[PDB]
Every structure is written in C-alpha cells, then in structure tokens.
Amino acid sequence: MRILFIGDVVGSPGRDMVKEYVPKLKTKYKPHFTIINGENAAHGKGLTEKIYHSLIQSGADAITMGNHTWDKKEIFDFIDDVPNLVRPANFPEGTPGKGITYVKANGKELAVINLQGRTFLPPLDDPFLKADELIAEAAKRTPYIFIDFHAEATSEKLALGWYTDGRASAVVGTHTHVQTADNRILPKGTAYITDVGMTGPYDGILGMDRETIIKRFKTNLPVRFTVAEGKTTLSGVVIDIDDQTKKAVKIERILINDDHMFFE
C-alpha cells in the first residue's frame, strides 16, 4: 500500500500548487491513498466548503487539519456534512467533526488519524493516550494506520513516533512549515518524519508576507495578517507499506520548487 501525503496547504498559492502538482504526483507514484493537510487553505487559516471540494477534486482522498481548523466559522456549517475531513482527535469530547476517518480507495482501507501537540500550543487532551485509543480502534478494521501529528516541538513529535512504533504504520509531523530530513523507518516498522513541510509561497516566512513578519519581530507591534505571493513550493512524502508484513518499507520526501525541479 502506497500513501502520498501533502503538507500544510497555505492560501491560494498553495491551492494552485496542489491543483497543478498533485495530479502529476499521482500519475508518477500511483498512490492508493492521497492525504492533504488543509489547515491553512482558506486565505492562510481554516477551510471553506468550496476549498474542501476543490482539494478533493485535485486528487485528495482525505483532508487533515490542525490548530487553525476553526478559524473560519463557516467550517461549522459543513464539517459534519462531508465524508473525508479529519481534525485533531484530541480536541475535547463534543467537538464537531471527527479525529479519525477510514479512507476506502483503490480496493483498500487506510485509517487516517489527526492529532495536535500540546507543547507551545493550547492544552488539548493528551495526544499520547488519544493515539492509543484510536490505534486500537483502527486495528480492529485495518492494519494500515496513518497519523498526521500537528505539533510544534520536535521532542513531542519524535516521542509520539517512537511511542507508536509497530502500532501505527506511519507517523508524519506537520505544523512548522519546514520539511525535515529525518525521514526513516523506525525499528518496529513505522515510517516517520518530524515535519513534512508546507505547500504554498516559497519566499515568504512560512507562507506569510516577509515584510510583515520581519516588522513584527523587530517592533513587537501588531501587523496585518498577509499571505505571501510569488514563488511557490510543494512538500510531501510517499510512504510504502508492505502488504504482507504490514511494516513500512520506504518513506521518500517530495519537494517541488525552484531549487528542486519536478521530473516526469
């Protein structure tokens, strides 16, 4: 089973990048499952109904989210009405939407779990205990189990990866908008990467207009929230899971930008 995962989509530039390159990536890699983190898709934060459908149309089988899930209130109008949208599972009981979805595509089934870290972030429920709960639930239905862990601290991300080794098929990090080079398969067969990175402006600061972000750092004064425009980048991973052993056997990084040309 092959999974293609695309990191945090940031605003229209990210959406444009998805529209162009996900179909090409799908042609190139022929993944059984395609997952996209859309937490910044609506002008940099949150999601609209139109955007959810356009991301699906671009080739996503499921969409994962993060700390900005709720930033556009319109999400409350459609979240329980669409089939393949996941938000962090460790938001308190009673939160709208779901933290796990079972993606049925190309004759297979992948459990897709979204979790959010707590270091440097709001005090949600414990994602470690939540991971245990959802992994055991998922395992009753499918041995293919994928986690998008949206977190800030490298320590917390690596801890979750090691903690779930051999129990989740793959654990990929998102949130920091910078792809890491530590993609590897852990000793018990779980594919792991600390952060997949972002899809959106390449020459902003994490997708945001450079001048505003630098001004905030230098002045401590508030600035307008402004998404960058210009060159674009896409960040993703392709993960292969052995259908017999259920272990991950490969995790390859994808980067497409002026410094990493796309081939084929």
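Note that residue numbering follows the sequence shown and begins at 1.
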Averaged over C-alpha atoms, is the B-factor higher for 172 to 180 or for 142 to 150 in this PDB entry? 142 to 150
Going by the B-factors listed in the PDB entry, is the mean over the C-alpha atoms higher for 154 to 162 or for 86 to 94? 86 to 94
Of the choices 200, 222, 46, 236, which one's C-alpha carries the largest B-factor in the record? 222
If you rank every modelled residue in this chain by C-alpha B factor, which third holds residue 217: lowest, middle or highest? lowest
Just say lowest, middle or highest third for the CA B-factor of residue 167 relative to the other modelled residues in its chain. middle
Considering every modelled residue of the chain and its Cα B-factor in the PDB entry, is residue 99 in the lowest, middle or highest third? middle
Residue 230: CA B-factor among chain residues, third -> highest
Residue 128 by Cα B-factor - lowest, middle or highest third of the modelled chain: middle
